[PDB]
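Single chain ahead, written as structure tokens, the form solved without this ligand.
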């Protein structure tokens, strides 16, 4: 099975890491729009067009399924992309809602959604959660986490201060935190550590990882493919420098 994975840049590698572990797909065509990243700071019209242009990229590749690894593109462009695609397109938002339903029994559990400005502005998560009966949802655009993570600021005073900046105004302590952005898994332990330290919690809030949630969805849509692939072929493509993009895979994938 040959698939595509689309992201604004290298963030999509956090989804790719999950995909690789699932051993579902024999061939993966990765495309990161690294000339135009970030998407999260930009507007619905721009991101929609970016999503359609991604469809054009994948045409000659004869993929069977397209994964939109980007939470921003999932929130803003997925519906438009599905309108103009014959293949299934799967984004990272809906599978996370499904993961919530499996992991969060109490409809009143406080859930906090973290994402880019565009993702949070869309209310994609809030709407889908409300539709599933969840009553206690907060959201926060933790925009600066993205550039910090791009700069490998994954610990230390600057990361702590940035987390404190965004989290300090929170009205409700979350029991569940959705990592609604490709980059956030890289600081998941730090986020857990923030809440435990600041609120004297012996264990952290439950974190939802977009890559693991999409994998859980795919593992049952393509059940015949579980553990099918001994070692996948992966092609790396970028609109920016493709060596720059591929170079980052080692870190993100823990190669």
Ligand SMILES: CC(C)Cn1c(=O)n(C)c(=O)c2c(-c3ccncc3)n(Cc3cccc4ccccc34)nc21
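Positions refer to the first chain, counted from 1. In this text, rigid core is short for the largest set of C-alphas that superpose within 1.5 Å between two forms.
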> Is the mean CA B factor in the deposited entry higher across 132 to 140 or across 74 to 82?
Replying inline: 132 to 140
> Of 207 to 215 and 29 to 37, which one has the bigger average CA B-factor?
Replying inline: 207 to 215
> What third of its chain's C-alpha B-factors does residue 55 belong to: lowest, middle or highest?
Replying inline: middle
> Ranked by Cα temperature factor within the chain, is residue 225 in the lowest third, the middle third or the highest third?
Replying inline: highest
>> Can you tell me whether residue 88 has a C-alpha B-factor in the lowest, middle or highest third compared with the other modelled residues of the same chain?
In response: middle
> What third of its chain, lowest, middle or highest, does the C-alpha temperature factor of residue 48 fall into?
Replying inline: middle
> What third of its chain, lowest, middle or highest, does the C-alpha temperature factor of residue 13 fall into?
Replying inline: lowest
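Note that the form deposited with this ligand bound isn't included here; everything after this is about it.
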>> For the form shown, open or blocked once this ligand is overlaid as positioned in the bound PDB entry, with the cut-off of 3 or more ligand atoms within 2.4 Å of backbone or C-beta atoms?
In response: blocked
>> If the cut-off is 4.5 angstroms on heavy atoms, which of these, 170, 135, 154, 87, is the one near this ligand in the bound PDB entry?
In response: 154
>> Give me the residue from 206, 63, 55, 186 that has a heavy atom within 4.5 Å of this ligand in the bound PDB entry.
In response: 186
>> Residue-level question: is residue 17 within 4.5 Å of this ligand in the bound PDB entry, judged on heavy atoms?
In response: yes
>> With a cut-off of 4.5 Å between heavy atoms, is residue 96 one of the residues that contacts this ligand in the bound PDB entry?
In response: no
> At the 4.5 Å heavy atom threshold, is residue 104 in contact with this ligand in the bound PDB entry?
Replying inline: no
>> Even though the partner isn't displayed, in the bound PDB entry is residue 81 close enough to this ligand, meaning a heavy atom within 4.5 Å?
In response: no
> Each of 11, 244 and 248 near this ligand in the bound PDB entry, meaning some heavy atom within 4.5 Å?
Replying inline: yes
> Which one, 105 to 113, 126 to 134, 156 to 164, 143 to 151, holds residues whose non-hydrogen atoms are within 4.5 Å of this ligand in the bound PDB entry?
Replying inline: 143 to 151
>> Given a cut-off of 2 Å on Cα movement between the shown form and the other one, rigid core as reference, pick the single residue from 201, 35, 188, 52 that exceeds or meets it.
In response: 201
> On a core-based superposition, does residue 221 travel 2 Å or more at its Cα between the shown form and the other one?
Replying inline: yes
>> Comparing against this form, do residue 250 and residue 188 have their CA atoms pulled together or pushed apart in the bound PDB entry? The difference is 3 Å or more.
In response: farther
> Would one find the Cα atoms of residue 145 and residue 250 closer or farther in the bound PDB entry than in this form, where their distance changes by 3 Å or more?
Replying inline: farther
